[PDB]
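Novice:
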RNA sequence: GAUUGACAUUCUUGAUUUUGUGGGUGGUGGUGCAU
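Residue numbers (the entry's author numbering), protein chains in the order written: chain RN, 204 to 252, 264 to 316, 382 to 507; chain RS, 209 to 399, 406 to 465.
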């Protein structure tokens, strides 16, 4: 009798709700079909044919003329910074332990920045990086392209003629590797394809030549992928 | 007279549940007599579903004048009757999503709801509800700046302080006008309303959440009067963090 | 010419834009204290 009470009362109020909803939909349908364009009789007989608001619009237009900005996104302590730093360190160290246990089109950068010697090259690379990623509303293919061009560029730069300014070479290649790693932290999935193709093509270099296709940029190629 | 099927429309829209709408009440924009015809429908009765779809069509035909025509006479105060008559103060998801469909047209939404909600009857609980439903969804940015401007030049009410507190944990990119507005907010609270009022932890957290990162257009005399602001209003939770934002901010 | 209302395709709204690049978690909450 308890289950019949629940079932009977719910079916009774459910049928009441269904009858009421069907009646309301029928009223909407009939009132539509008798008042939609049947109100064209009354459409012509009976017809009908800010200082604080201007202050608010003035403030809106003044902010539209001149504004400024807010620093960065948040406010928190260096203790929380050290906590999150140790958290990221512990997570990445345990992840590496678990992994152990189980603009430029490869000659356009040459044609562009084949002017100065060493210091301006990193500056032109940073200028191309500032050109792409700042206004990057669609910049992905040019992005990954000039990552690949920077890798190939240190490849065809690393062993040309190093008996000119050695320390300028050393500082510009060190700075080039720092800026390469620091930009390619966010971009692995376009650079690693080019590294794979470089492996596949230096194997074909070794396939023909006995030893002398092993240009001495391959040493620093192995070194920089061991860096990144 | 009007064509007067509006008895049938009012009878079905008293307890409307689900389905389709009468298309005279869909093309009620393109007939010249919308306010004069709802004045003879007289829907003091309401369904929350037709509140939602009616404010959808009312956004589709609201300007300043139309917003004054419908929303500033009976529907805002119907929302007020809903919050006072809800005994546990449960303003429904119906009413809330009606407000979120209502918040679209920003042309005179200030006089649409924010001008007549500081009329009377706004307590701090209705105020934190209204600031919550404002901070939920999309907002006009320049009108948020203008809103902070006029609501800070408005007289002092703790509903307006929690309003402006939510509008400043919006985490904006602040114009000069609103930064100068906040430094004369400090010039407004002085020995102002330091002897005539006292400001506990809610006002404290309001200006602390201002000073979290709202400091990137601040020179050294502004740092000096913020320094004597906290020196006058010394709480327990000011020292390291507001000294940190004082050493953190720039010009 | 962005989005809004669509008289099934063709006109009554106007920067709330639109798209990316990023990114804050999202509070109509319960539980001592003066009510």
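Beta carbons are placed, not taken as given, at the ideal position from N, Cα and C, and that holds for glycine.
Starting from residue 227 (chain RS), find everything on chain RN with Cβ-Cβ shorter than 8 Å and list it in chain order.
Specialist: 224, 227, 228, 231
Novice: Which residues in chain RS sit within 9 Å of residue 217 (chain RN), going by Cβ to Cβ distance?
Specialist: By Cβ distance, chain RS contributes nothing, its closest Cβ being about 13 Å from residue 217 (chain RN), past 9 Å.
Novice: Label residue 457 (chain RN) either buried or exposed according to how many other C-beta atoms from any shown protein chain fall within 10 Å of its C-beta, with 16 as the threshold for buried.
Specialist: With a 10 Å radius around the Cβ and a threshold of 16 neighbouring Cβ atoms, residue 457 (chain RN) comes out exposed.
Novice: Please list the segments of the alpha helix (DSSP H) lying wholly inside the region 408–445 of chain RN, counting only runs of 4 or more residues, in order along the chain.
Specialist: With a minimum length of 4 residues, the continuous alpha helix (DSSP H) runs that stay inside the region 408–445 of chain RN are 420–434.
Novice: Can you have a look at residue 420 (chain RS) and say buried or exposed, based on whether 16 or more other CB atoms are within 10 angstroms of its CB?
Specialist: Buried is the call here.
Novice: Decide if residue 396 (chain RN) is buried, meaning its Cβ has at least 16 other Cβ atoms within 10 Å, or exposed.
Specialist: The residue in question, residue 396 (chain RN), is exposed, as its Cβ has fewer than 16 Cβ neighbours within 10 Å.
Novice: I need the DSSP call for residue 259 (chain RS), collapsed to helix, strand or coil.
Specialist: helix
Novice: Is there contact between the region 465–483 of chain RN and the region 415–424 of chain RN, where contact requires at least three CB pairs shorter than 8 Å?
Specialist: yes
Novice: Where does residue 226 (chain RS) fall in DSSP's three states?
Specialist: coil
Novice: Quick check on residue 235 (chain RS): does DSSP put it in helix, strand or coil?
Specialist: Looking at residue 235 (chain RS) - three-state DSSP - the assignment turns out to be coil, as it is neither helix nor strand.
Novice: May I have the straight-line CA-CA distance separating residue 408 (chain RN) from residue 364 (chain RS), to the nearest angstrom?
Specialist: 50 Å
Novice: In whole angstroms, give me the CA-to-CA distance for residue 392 (chain RS) and residue 439 (chain RS).
Specialist: 11 Å
Novice: So residue 369 (chain RS) and residue 315 (chain RS) are in contact, right, with Cβ under 8 Å, and what is the actual spacing, rounded?
Specialist: Going by Cβ atoms, the distance from residue 369 (chain RS) to residue 315 (chain RS) rounds to 27 Å, so no, they are not a contact pair.
Novice: Take residue 392 (chain RN) and list the residues in its own chain whose beta-carbon comes closer than 8 Å to its own, dropping the five residues that flank it on each side.
Specialist: 399, 400, 403, 404
Novice: Just to confirm, are residue 309 (chain RS) and residue 264 (chain RS) a CB contact at a threshold of 9 Å?
Specialist: yes
Novice: Hey, how far is the Cα of residue 498 (chain RN) from the Cα of residue 347 (chain RS)?
Specialist: 56 Å
Novice: Would residue 299 (chain RS) and residue 317 (chain RS) qualify as a contact pair, given that the criterion is a beta-carbon distance under 9 Å?
Specialist: No; because the gap between Cβ atoms is not below 9 Å, this pair is not in contact.
Novice: Note down, in chain order, every chain RS residue with its Cβ under 8 Å from the Cβ of residue 412 (chain RN).
Specialist: The contacting residues do not exist; residue 412 (chain RN) stays about 20 Å from chain RS at best.
Novice: Assign residue 294 (chain RS) to one of three DSSP states: helix, strand, or coil.
Specialist: Looking at residue 294 (chain RS) - three-state DSSP - the assignment turns out to be coil, as it is neither helix nor strand.
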